[PDB]
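Beneath this line is the structure, given in structure tokens, with notes to follow.
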Amino acid sequence: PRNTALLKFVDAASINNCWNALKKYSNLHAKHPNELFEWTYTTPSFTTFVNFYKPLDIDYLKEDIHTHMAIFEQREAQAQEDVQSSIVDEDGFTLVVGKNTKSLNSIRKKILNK
Amino acid sequence: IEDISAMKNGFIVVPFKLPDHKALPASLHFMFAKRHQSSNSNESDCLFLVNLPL
Amino acid sequence: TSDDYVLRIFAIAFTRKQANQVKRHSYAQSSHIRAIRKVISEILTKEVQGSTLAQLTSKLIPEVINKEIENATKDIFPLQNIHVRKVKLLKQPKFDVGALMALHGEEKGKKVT
Amino acid sequence: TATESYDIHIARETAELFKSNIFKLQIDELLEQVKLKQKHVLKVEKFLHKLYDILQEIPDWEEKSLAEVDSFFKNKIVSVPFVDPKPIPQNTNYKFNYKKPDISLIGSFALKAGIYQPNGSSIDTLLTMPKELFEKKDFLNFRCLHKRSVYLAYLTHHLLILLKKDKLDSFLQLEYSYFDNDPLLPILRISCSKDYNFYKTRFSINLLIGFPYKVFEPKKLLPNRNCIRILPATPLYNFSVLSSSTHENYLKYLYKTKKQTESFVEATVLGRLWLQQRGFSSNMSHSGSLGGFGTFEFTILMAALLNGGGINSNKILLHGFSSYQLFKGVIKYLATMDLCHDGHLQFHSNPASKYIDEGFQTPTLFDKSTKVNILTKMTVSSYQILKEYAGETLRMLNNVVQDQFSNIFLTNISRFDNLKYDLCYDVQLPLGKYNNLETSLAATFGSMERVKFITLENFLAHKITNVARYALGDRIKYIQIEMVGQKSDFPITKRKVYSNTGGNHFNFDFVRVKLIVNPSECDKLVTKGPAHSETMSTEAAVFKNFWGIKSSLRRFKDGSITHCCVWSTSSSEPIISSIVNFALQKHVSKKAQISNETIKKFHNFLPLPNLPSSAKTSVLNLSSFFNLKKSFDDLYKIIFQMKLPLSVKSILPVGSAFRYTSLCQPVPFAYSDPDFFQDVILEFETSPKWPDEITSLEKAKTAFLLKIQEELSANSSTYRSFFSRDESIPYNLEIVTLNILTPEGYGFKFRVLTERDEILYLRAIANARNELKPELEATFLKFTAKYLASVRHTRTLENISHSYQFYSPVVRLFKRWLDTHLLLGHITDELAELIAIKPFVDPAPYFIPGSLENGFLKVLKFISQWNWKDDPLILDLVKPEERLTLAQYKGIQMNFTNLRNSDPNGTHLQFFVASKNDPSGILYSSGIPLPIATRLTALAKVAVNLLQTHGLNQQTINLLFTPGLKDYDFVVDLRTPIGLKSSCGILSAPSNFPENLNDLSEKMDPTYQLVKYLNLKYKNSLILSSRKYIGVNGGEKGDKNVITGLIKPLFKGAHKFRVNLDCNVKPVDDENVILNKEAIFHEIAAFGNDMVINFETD
């Protein structure tokens, strides 16, 4: 869906009222094109350009690296313990456990490669 | 030329008059809109918008 | 080398014992020593052909190639002392004042009468 | 012995198996496309038969006085060509005769070798003058030359009578000319206008006047014996009269040659095509021209080499050899054997040839039949460039990798003077009158001078070569003089060649002093001379009276006391130009004017930084580069002895200033340069606990750089650093770069490469879907093109640049070539630089480029004549004599087979530039439109065609250098509110870094990111271009930026409405939708609201 957008509404009455206003706008363009609105951009200026060429916020980057490393190590511990915590099947079959495997996703995708 | 306001597929025409330029011999921007149907939970009562401006 | 020098490098290494060991010697067998010599020869030729002679000298300054050999042959055998013993030249390229001077980082006198 | 000799011969043949195939194919091919028609042969032979009837029905006459001859020739219309000095009755006691002539034909058309030529060829016709007409003392004091002149003039007049009798004046025109540009020997040229008019066969028949076999003594005719009295001799005149005596045994023994060998005709045409493509012909080179070597001298050398040539009378060229084998034999002999300073050759053409190893400062080929010396007309510089070009042909044939037959036999290098040679100087000399010469000349032209250098053209040419070579010395390798304005054709009514151009009554307009320059010693400020002793030596005395006021006595840094002459280095004009101006001003004439305006304006177009002493800073100077190297070494020190939890490994720069490719010379604290922040990689030691997720991997990189910045600001607080983002590779948004500012005023951006990036990228390209495979392939292609291959390119190109210092200005200027032409932003920098380096590293068939203009003209010429669709660019990026072999050659060629089966029309790939540091060759040329690549090639084609049509001049060079501003649809002229020339570093100065990073970003210009974001939001429908170097391309103050626009025809056309179009739309009816031009224009206007000024549309 390139060059498109998605406008979510609150309820059916809202989306129905907006669709009625849009078909009335189409009829207004059909009958009298002068009453139509004007589109105004929030015009980017040198403040916006120095915002784009502006350095990053050090505390924002610091809290970002902290929280993402925390959740990432949580994920990595959970995956390795789950895969090498001796997963057994329902009818008495045992999953093969190996030296430093932390990834059942890599078990299945390495079977997919081979 | 001024009566193109509705497509046979079900799309509508939204023209907008732009602010003029100091050295250009108003101009119209064309946007399209249609309701979008889906069984997704977070995609309830949505407007599929086509040709978004900058 | 990449700057056309011909070089010969001698590297030496030592086995070590683990702390848990109670055996008073930690020898390596024949497959061990042959694989060890192979992989260090690999990293030697690969790195000297990935670098020039100038960057090679500044690479042998910190002895980070030996740390690389440890963290590469870590999966074979425990080692304590890994060293390059010798570096000998064989054939020198043709001298460039440009290369030597651009490494090193046009003169006028005093009018004798 | 014999058996091992057959073994080494079959070893030669086994090594020469495939080249035999390809070369027999090529030679039979080009000989098909060059060969004549037997129809042309028969037309012209019946023509010469009718002329033979005329020459046998011309009658004869006896002794008459010179005054009666003058009365006859003032009574009739034809003028006799008396060569200076004119004969006088006081020193001419004798009279004249004319009897039957001995008629023969000469030239390769008599050697049975006729070929088609665009301009025309020569079928020379020899008319031999009788021994009874010869007196027993005629070789002395120009008397035989007067007999030859009166013979020729009476023959022309009676031929004119017989021609107007035989009605042929409607088709047969007569003129006078010079055989091989010798001023003393005039011949006739009979041609036809438009049954015996042979215009389609395009010939022009020469009629000569010759002498018979063994008519004068070789003992008194040798070059060391005089012939003119008033003791020096006249070797050129002696050789002329002797070879005009023995053309005839030459052709009989060379018909003996043609009867002993078979493919001689084709081999001689190979030699003739070699000469006519490299630029040599048979004309005189002593008169300020180039030549002296045609098919005549060629076939004499050919017979001499079949006769032998070696030290011990051995055989080098066998009669059982082919055209190719004759060509390669003569070229190896001419490449390995010296004839001017080392030795000379000898042969009895009537025992077996022998080399004798004493030199006579003259090319010396000896036949003891009538004691001839064949190569006396070629000058020392002409034989020098001949043996260099022979070594070049030896290199071209020794290349067993490339197919260089095109570069040997398709390139007339004398199409462009400024592309064949390196340096050109325009010299205008208003001499005046031969009696005014004593005050208008600095040298002496007297009786002995006239005897040794019979033509004043020869004398001035030799003296200017002498003064220029003794002034320059080792600062050039080769020295040549072209003389513009020379004509060798004069009508029958004038006594000699007459003109009034060049400020005098002589036949030249001006002088082109042309130089093949030694690149390593070209910019030495000092000219070292002799040592210093108690008595003034001869070389010290000639140094003193050669230099005068510039001469001095100096001591060195070791204290060394020698004679030396220093100069002042200038950026706009070179030291070679200054010293040649000084020499040609003092030792030739005080009124001649010397200029090198093309090199002057090139060096003026090169930008200049705002550093002290930049005006007298040379072009090859590397001071700012050395200072940034020292600053980077200090930063290397600090961040190397930094302690990190993981032991650090590698800190390698990849910067353009380190690769000597920066546009603006890097000025300290110049924070408006796009090349201010140069990239340096930082590699760690290997470790097992790497994150196996790419986002957390780049976040681990940011944590590395975060503690790097923290420790840096904690220990070395003078250093200021910050963080900036890198979005050059898509879909990896967390590549955050560490920018560091040194107190010296330099910037470096740090990016970490490790073992897991390409592994996780391979995991992604294995996991992705087939429809998404080419996009991720392009991203990985750009990734490994920016990261590791750039490092390999940087190190090897740093080696090659320190070998070739003269690559650094042209690869800086080449960006300036296409920065002004809107086509750097679409193309990759490594691709552009390899196009810049190719003619330097492969100088076939040029000279090795030792000048900016020559190299850049070579570059643009190769882009223009690049048939990119067909032949791949294979480069061997090595220092001059790791090299690429035949297996890698065929592998790249089979990659090219996959290339032309994957994309024929250029719709996926255009330029296949490949070298050692890329097995791909496709790794760099993506991210480009085919209209843009074809537009680069066609713009180079326009440049070469304008070079071909309108010479070289300031207006054509400015038209090459200015943008066209045409073949785009819409153009937006923008402005920045503050000038940027001082902050970017060009002098027509910022003190230190400000206390505000937002103020740094305020000084930084957003035009590049604006244009790139517009290209990103409109990639499918638009192809935009602009300038990135505003401080150099923004006028006199540097605040101008121009955004042009191209629309694809795919969206110029009308297409149906879709939901995945990615463009601004407007409908025409219920189904058809086109683009909204005015909406796009108002969109970019609202984006650049405070910056837009001018806007035009077609």
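All Cβ positions, even for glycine, are placed from backbone atoms using ideal geometry, and neighbour counts span all protein chains on display. Where a number appears in this text, it was derived from the coordinates with a stated rule and is not lab data.
Summary table
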| read-out | value |
| --- | --- |
| Hydrodynamic radius of the range D:551-651 per Kirkwood, over alpha carbon pairs, in Å | 18.3 |
| Whole-percent pair-distance distribution, where bins are 5 Å wide, for the alpha carbons of the range D:966-1098 | 2, 9, 17, 19, 16, 12, 9, 6, 5, 3, 2, 1, 0 |
| In order through the range D:666-682: 3J(HN,Hα) via Karplus (6.51 cos²θ - 1.76 cosθ + 1.60), integer Hz, x for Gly, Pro | x, 9, x, 6, 9, 9, 10, 6, x, 9, 6, 8, 8, 8, 9, 8, 9 |
| Test item: Cα-centred dipole of the range D:966-1098, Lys/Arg +1 and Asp/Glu -1 on Cβ, debye | 420 |
| Helix-derived mean residue ellipticity, 222 nm - over the protein assembly as shown, DSSP H n ≥ 4, -39500 (n - 2.57), to 500 | -12500 deg cm²/dmol |
| Dipole of chain D, positive direction: furthest Cα of D:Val1059, D:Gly120, D:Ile190, with charges on the beta-carbon | D:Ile190 |
| P(r), alpha carbons of the range D:596-965 - 10 Å bins starting at zero, rounded % | 4, 21, 30, 26, 15, 4, 0 |
| Simple spin-label estimate for D:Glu777 and D:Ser728 in nanometres, 7 Å along Cα-Cβ | 2.4 |
| Percent breakdown of C-alpha pair distances by 5 Å bin, ordered from the shortest bin, for the range D:810-857 | 5, 21, 31, 21, 14, 7, 1 |
| Where chymotrypsin sites (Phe, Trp or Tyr not before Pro) fall in DSSP loop in the range C:1-71, at most 15 other Cβ within 10 Å | C:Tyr5, C:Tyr27 |
| Cα-centre dipole for the protein assembly as shown with unit charges at Cβ (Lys and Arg positive, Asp and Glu negative), debye to 20 | 4220 |
| Label point distance in nm, A:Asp82-D:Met642, each placed 7 Å from Cα along Cα→Cβ | 3.7 |
| Where only alpha carbons of the range D:685-807 are counted, the Rg and the Dmax (Å) | 17.5, 52 |
| Extent along principal axes [Cα atoms of the protein assembly as shown; Å; largest to smallest] | 130, 100, 74 |
| Gain upon complete extension [D:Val34, D:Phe18; 0.36 nm per residue less C-alpha separation] | 3.3 nm |
| Using distinct alpha-carbon pairs, which all enter the 1/r mean, Kirkwood radius of chain D in Å | 34.6 |
| Where only alpha carbons of the range D:339-383 are counted, the Rg and the Dmax (Å) | 10.4, 32 |
| Two-decimal ratio, the range D:753-911, of alpha-carbon radius of gyration to 2.2 N^0.38 Å | 1.18 |
| Tensor-based shape of the range A:1-99 (alpha-carbon gyration tensor, a/c under 1.5 rounded, otherwise prolate or oblate) | oblate |
| Cα lying deepest toward the dipole's positive end in chain D, options D:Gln480, D:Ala233, D:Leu753, charges on Cβ | D:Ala233 |
| Whole-Å semi-axes of the range D:215-316's equivalent ellipsoid (Cα gyration tensor) | 28, 19, 13 |
| Distance between the range D:464-520 and the range D:223-277 - C-alpha centres, whole angstrom | 26 |
| Dipole of the range D:596-965, positive direction: furthest Cα of D:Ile863, D:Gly927, D:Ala670, with charges on the beta-carbon | D:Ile863 |
| About the Cα centre, charge dipole magnitude for the range D:596-965 (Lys/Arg +1, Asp/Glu -1 at Cβ), debye | 520 |
| Cα→Cβ-extended label distance, 7 Å offset, between C:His25 and D:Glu882, nm | 4.8 |
